[PDB]
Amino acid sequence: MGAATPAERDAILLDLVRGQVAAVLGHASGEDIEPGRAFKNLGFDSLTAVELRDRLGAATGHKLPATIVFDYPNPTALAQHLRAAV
């Protein structure tokens, strides 16, 4: 995604995090997750946080901090940090 605008980056990373959260949740819709909703409210313990981080690390081909999910509470926030990370 070098041939993509900032807003386009925002959208691809937001589609990535929402898809990965849905897989951890098991809904698997990938659009069911609300970008504003905090991970705590969605049904997230510490174990679900590191599973999300593993999936995002795999998908982005980067190594991420284990606390990244806790530190950026919503999918939008995590997507926005991942713009800085990649």
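Note that residue numbering follows the sequence shown and begins at 1.
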query = Which is higher on average in the deposited entry, the C-alpha temperature factors of 77-85 or of 3-11?
reply = 77-85
key: Per the entry, higher mean C-alpha B factor between 33-41 and 51-59   = 33-41
remark   = Assert third(CA B-factor, residue 23) within chain per record equals highest
ask   = Which third, lowest, middle or highest, does the CA B-factor of residue 64 fall in along this chain?
value = middle
